[PDB]
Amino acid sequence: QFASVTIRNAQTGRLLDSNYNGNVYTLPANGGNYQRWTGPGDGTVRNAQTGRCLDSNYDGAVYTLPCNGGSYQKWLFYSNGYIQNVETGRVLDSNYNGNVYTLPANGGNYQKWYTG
């Protein structure tokens, strides 16, 4: 479990962030609570500001939605930095533009995250 941690992309250095409309992206660190995330212990990754759950689909889109208990909202954190969706098996990824998505694991640094 974790409370109010940042989730930083190892490659870009940008932080996972989201808004009340459910958009997810990365931005440079700004100290705000939209850039913090909380993991209760049920596999969810909840935005500390909005309370919405990180979610994704088989096409690789990522977004936040009200927490609904489903497997698309459950994530596995690996000690090597992967963040894997339980339903799809795809891992969280992002780019220098700030887009966030999921892709099959390919060992790249864009799929490594530092959570703390």
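One-based numbering along the sequence shown.
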Looking at the entry, does 81 to 89 or 34 to 42 show the higher mean C-alpha B-factor? 34 to 42
Compare the CA B factors listed in the entry for 21, 9, 102, 99 and report the winner. 21
Ranked against its chain, the third holding the CA B-factor of residue 60: middle
By the entry's values, the third containing the CA B factor of residue 2 is the highest
Lowest, middle or highest third - CA B-factor, residue 76: middle
